[PDB]
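Asker: what's the 3D shape of this:
(2 chains, ligands or ions: 2)
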There are 2 protein chains.
Amino acid sequence: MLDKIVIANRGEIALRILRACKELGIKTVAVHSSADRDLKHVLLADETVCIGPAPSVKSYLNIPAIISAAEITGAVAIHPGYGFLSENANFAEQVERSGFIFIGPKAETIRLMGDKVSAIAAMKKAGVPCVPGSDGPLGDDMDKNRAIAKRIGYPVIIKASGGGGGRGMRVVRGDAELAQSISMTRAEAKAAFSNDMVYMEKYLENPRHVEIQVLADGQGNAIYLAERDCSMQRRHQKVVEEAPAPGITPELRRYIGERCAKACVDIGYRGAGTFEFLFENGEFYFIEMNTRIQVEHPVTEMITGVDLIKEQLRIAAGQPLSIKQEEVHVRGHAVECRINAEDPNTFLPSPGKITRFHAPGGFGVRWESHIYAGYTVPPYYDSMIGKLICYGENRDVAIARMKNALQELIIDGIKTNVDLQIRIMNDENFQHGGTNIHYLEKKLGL
Amino acid sequence: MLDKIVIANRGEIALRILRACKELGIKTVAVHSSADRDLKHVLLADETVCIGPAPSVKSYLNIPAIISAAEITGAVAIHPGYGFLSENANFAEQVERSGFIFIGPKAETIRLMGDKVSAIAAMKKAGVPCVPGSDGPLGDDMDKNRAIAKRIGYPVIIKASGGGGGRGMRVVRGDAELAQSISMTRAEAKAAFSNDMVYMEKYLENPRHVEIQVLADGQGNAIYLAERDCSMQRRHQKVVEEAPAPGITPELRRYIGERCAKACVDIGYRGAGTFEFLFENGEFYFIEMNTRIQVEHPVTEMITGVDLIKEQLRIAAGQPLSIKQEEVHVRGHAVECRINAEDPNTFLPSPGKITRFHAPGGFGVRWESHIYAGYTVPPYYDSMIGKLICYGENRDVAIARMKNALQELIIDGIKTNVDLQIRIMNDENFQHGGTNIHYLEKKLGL
Ligand SMILES: NC[C@@H]1CCN(c2nc3nc(N)ncc3cc2-c2c(Cl)cccc2Cl)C1
Ligand SMILES: NC[C@@H]1CCN(c2nc3nc(N)ncc3cc2-c2c(Cl)cccc2Cl)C1
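Answerer: Numbers count the residues shown, from 1 in each chain, chains lettered A, B, ... in the order given. Ligands and ions are numbered 1, 2, ... in the order given. Okay, here it is:
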């Protein structure tokens, strides 16, 4: 087991990682910006280092300051959480070169899967179904670009290979728009990612966003831990996630899960990861892989009993997976509501002092948050302040508990999306299940 | 002679140093991580000290623990091998300040040659031919940077002064890319080396990588021991090295060797060192100097009869070089194949337990490895598990012996590059000789 780790992150995920460390008897080093001195996990950590002033560029993205803190505290490993440096291949490489364990994949694996064209080629080669596409970057030959759109069938979508979070994407519905759409996607990718490489996929009009959790030890063993439906979203921000996905049979789960586990073996994957799919008319189509733990990991933990952060720490310590595939059982249902310091109607961010705070309780109710009464949500970071996860023996019980938990949750002094989450839980289409990625934008547009 | 030394390394190079020590009657102290208790050299050493847990930051890079092990055993000297702390000037300084001998040059010389800008200025002043370049660091005036690129002539390459292992470097083919290329190379150097200093060179499209071995003692003697060709490489990892370099005449060898030896006298060099050159269209161009023994030192030993590790130990004890320049004769040819625990499709490390092991034998066959049947290759260190070195009276006989030795080498239980090495020895272009630094990536791309 790792003697001591740096938690290279903040907010709810830093606290999540701290708890996993304490359960395993791992010493914690909380690195923080000067604005994050009062984070709950900093106040609970064995040691603390202030790594710079508020802005992330000076603190949480500051590679020399983080490595320096890990050196002076005698830590042996760094957990990057999600966001910040978690998919920064140069960071992973520097951590290993400075003689630390990186709690995540090999740097070369982060590079492979962070380049969307090379990632799709690897997945297609492994037997993972992908979206009908260019299967390679687009050139400047518009005869060949039109021939790819024709074979695929309009509508199509142009994506940046260095792209992500929905930025650097353009839908094309006929030939007249194709040349200008490719040119503009290139220019946007070059200006943002210093990488003008683009590819083409068939555009699916009304898919669900369904993702497969994996764990691999990097020693030849890989398992899948069912799927999450992340379709309830607004402007490429997930709002509700659930596990398992409604309408997914055991035979479908097994089909796509086995192809994801086999892909992990083929690419030498190490640690926690997520395969993202479009799911439409009963078919899965790979779009991209997250090479890190994700925000919504708790819904998978509730339905499998697997602690994904502890597994990340065991794998990083060099332990092979102890869990075999035949020991992974989907049981019951879990829903996660993201709690954001933003206006429930305008989504204007709402940093500020929380003047009153009460967390929900009950059977099947899990609260993941650093916030407390008197804590100031700072203006410098993300709006996501907490995650409310409710489990039941079925989806209806999970939703019933979430409605009750949302009604107990008090956060005064800032705006939150708690009232939006209550509306979503009361929505008849959500209660039926299986709504598509466009549903929440449509409901709010009315 | 040195009574007792610490071997501040692991794996094959630790065993290589242990043998040199035993031949000279030097007592050995094997410092090891808790994962390396069963290394062959640890089991053969006179004394052992466990200096910390598996991760390199707390063991092989742990300066206090290594010096403390030298103090508690009564050792007089520390041999740093290659990698880890071998090029760490602060380490060399601390070793000398604590009153131990560092088996290497003066700390000041390590600092001079680790600053690529300062090293090039010293070599150019001494009469060593260098690449046409900025001859100084680039500032933030892009009018001056464009004028330097114009004077050199595109294509050019931007390099970190604190740089290493090909990381950060950017090729620039016109003015449009120059500003962003300089900015990105700086940011990468600052994040990795906390040193944002960069310089510019003419980019040579298809060079060979040719390096000159030197030895200098504290009595004023400096000699060259011919050259190695290190061109057969993939993503800045050497795969095959050979000595001498094919197509290098005795007149060229003498020309560049004499300039390297003279540079050693000018800068007060002491110990083993390597001058790295680009060789293209019959001309040498210095890029950088290694102030350490290197992985590929054995091919130079086979063609000269000189034991480079024993020379390192004699020099540090205050003895003159055991041979003069007129006594150094290139005789025959040697090839080295690096044996790696790596996956053939991902090229990631493939650590794990060796279940069956057989080393090759015969005339001209030299096997440099710590591995044995039942030995576990740990995940925490680099993938290179051995070196197979074959000597013949000519290049054809060296290659023939390597093909035979590769066919006898058994390493079961883990994936290895043995099959790749067999393919390289059967390659018609390699058999002809003189292939450039890009050849192996081109062969594998097909
Ligand atoms: N990580 C998901 C990235 C960002 C959004 N995305 C999508 N790609 C797609 N690619 C094809 N060919 N077809 C449909 C897609 C629909 C989306 C999409 C959108 Cl637009 C909004 C919310 C969620 C998703 Cl998954 C790719
Ligand atoms: N130790 C050698 C560093 C890393 C590789 N290198 C190179 N520098 C160079 N500098 C100029 N002006 N021109 C060409 C160069 C080509 C290389 C190079 C590369 Cl890219 C791959 C493998 C081997 C070598 Cl030598 C510098």
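Asker: residue A:252 and residue A:283 touch, don't they?
Answerer: No: under the criterion of C-beta atoms under 8 Å, residue A:252 makes no contact with residue A:283, lying 9.6 Å away. No exception for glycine: its C-beta is placed from N, CA and C like everyone else's.
Asker: for chain B, what are the nearby residues on chain A?
Answerer: A:3, A:63-64, A:70-71, A:74-77, A:90, A:93-94, A:98-101, A:106, A:108-109, A:194, A:218-220, A:266-268, A:318 (C-beta under 8 Å from any C-beta of the partner chain).
Asker: bridged to residue A:77, which residues?
Answerer: residue A:5, residue A:101 (DSSP bridges).
Asker: isn't it right next to residue A:98, touching?
Answerer: No: taking contacts as C-beta under 8 Å, residue A:77 lies outside contact range of residue A:98: 11.4 Å.
Asker: quick one: buried residues of stretch A:225-234?
Answerer: Under the neighbour-count criterion of 16 or more other C-beta atoms under 10 Å in any protein chain shown, stretch A:225-234 has A:225-233 buried.
Asker: taking chain A, what residue is nearest to chain B?
Answerer: Going by C-beta to the nearest C-beta, chain B is nearest to residue A:99 of chain A, at 3.1 Å.
Asker: looking at the residues of chain A next to chain B, which are in helices?
Answerer: Secondary structure from DSSP state H places A:63-64, A:70-71, A:90, A:93-94, A:108-109, A:266-267 of the residues of chain A next to chain B in helices.
Asker: let me know the secondary structure of the nearest residue to residue A:359 once chain neighbours are set aside.
Answerer: Excluding the flanking residues, the one nearest residue A:359 by C-beta to C-beta, 6 or more residues apart in numbering or on different chains is residue A:367, at 4.7 Å. When classified by DSSP: H, G, I helix; E, B strand; the rest coil, residue A:367 comes out as strand.
Asker: now do the same contact list for the spatially most central residue of chain A.
Answerer: Among the residues of chain A, residue A:294 comes closest to the average C-alpha position under C-alpha atoms, centre = their mean, at 3.2 Å. The contact partners of residue A:294, by C-beta atoms under 8 Å, 6 or more residues apart in numbering or on different chains, come to A:82, A:211, A:274.
Asker: how close does the first one sit to ligand 1?
Answerer: When you say that, I think you mean residue A:82. Distance, residue A:82 to ligand 1, by C-beta to the nearest ligand atom, to the nearest Å: 13 Å.
Asker: quick check: which element contains that residue?
Answerer: Assigning secondary structure by DSSP states H and E places residue A:82 outside every helix and strand.
Asker: write out the residues of chain A neighbouring ligand 1.
Answerer: A:131, A:157, A:166, A:201-204, A:207, A:209, A:233, A:236, A:276, A:278, A:287-288, A:437 (C-beta under 6 Å from any ligand atom).
Asker: just the buried ones from these?
Answerer: A:131, A:157, A:201-204, A:207, A:209, A:233, A:276, A:278, A:287-288, A:437.
Asker: quick check: the residue of chain A nearest ligand 1.
Answerer: Residue of chain A nearest ligand 1, by C-beta to the nearest ligand atom: residue A:201 (3.6 Å).
Asker: give me phi/psi at that residue?
Answerer: Residue A:201 adopts backbone torsions of phi -130, psi 150, taken as degrees, to the nearest 10.
Asker: so how far is residue A:46 from it?
Answerer: 47 Å (C-beta to C-beta, to the nearest Å).
Asker: circling back: may I see the ones in helices among the residues of chain A next to chain B organised as a markdown table, with neighbour count added?
Answerer: Below are those laid out as a markdown table (neighbours: other C-beta atoms under 10 Å in any protein chain shown):
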| residue | neighbour count |
| --- | --- |
| A:63 | 20 |
| A:64 | 15 |
| A:70 | 24 |
| A:71 | 15 |
| A:90 | 18 |
| A:93 | 18 |
| A:94 | 24 |
| A:108 | 18 |
| A:109 | 26 |
| A:266 | 17 |
| A:267 | 27 |
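Asker: want to throw these into JSON lines with distance to ligand 2?
Answerer: Shown next, in JSON lines, are those (distance: C-beta to the nearest ligand atom, whole Å):
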{"residue": "A:63", "distance to ligand 2": "21"}
{"residue": "A:64", "distance to ligand 2": "22"}
{"residue": "A:70", "distance to ligand 2": "27"}
{"residue": "A:71", "distance to ligand 2": "26"}
{"residue": "A:90", "distance to ligand 2": "17"}
{"residue": "A:93", "distance to ligand 2": "15"}
{"residue": "A:94", "distance to ligand 2": "17"}
{"residue": "A:108", "distance to ligand 2": "17"}
{"residue": "A:109", "distance to ligand 2": "22"}
{"residue": "A:266", "distance to ligand 2": "27"}
{"residue": "A:267", "distance to ligand 2": "25"}
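Asker: I'd guess residue A:216 is in a helix, am I close?
Answerer: No: assigned with three-state DSSP, residue A:216 falls outside any helix and is strand.
Asker: next up, the contacts around it.
Answerer: Here residue A:216 is in contact with A:222-223, A:261, A:264-265, A:269-271, A:273, A:315, A:321 (criterion: C-beta under 8 Å, 6+ apart).
Asker: what ranges do the helices span in the stretch 251-400 of chain A?
Answerer: Using DSSP state H, counting those that start in this stretch, the helices of the stretch 251-400 of chain A run over A:297-304, A:308-316, A:395-408.
Asker: buried residues in the last one?
Answerer: Of all the residues in helix A:395-408, those buried under the rule 16+ other C-beta under 10 Å are A:395, A:397-399, A:401-402, A:405-406.
Asker: swap in the second one?
Answerer: Of all the residues in helix A:308-316, those buried under the rule 16+ other C-beta under 10 Å are A:308-316.
Asker: how far off centre is it?
Answerer: In terms of C-alpha atoms, centre = their mean, to the nearest Å, the centre of helix A:308-316 is found 17 Å from the chain centre.
Asker: same for it, what does it pack against?
Answerer: helix A:11-23, strand A:77-79, strand A:208-217, strand A:270-280, helix A:297-304 (3 or more C-beta pairs under 8 Å, 6 or more residues apart in numbering or on different chains; DSSP states H and E).
Asker: swap in the longest one?
Answerer: For helix A:395-408, the elements it packs on are strand A:333-340, strand A:384-392, helix A:418-425, judged by 3+ C-beta pairs under 8 Å, 6+ apart.
Asker: what sits up against the longest one?
Answerer: It stands for strand A:384-392. With contacts defined as C-beta under 8 Å, 6+ apart, strand A:384-392 is touched by A:11-12, A:295-296, A:298-299, A:302-303, A:332-341, A:360, A:364-371, A:377, A:398-402, A:405-406, A:409, A:411, A:416, A:421.
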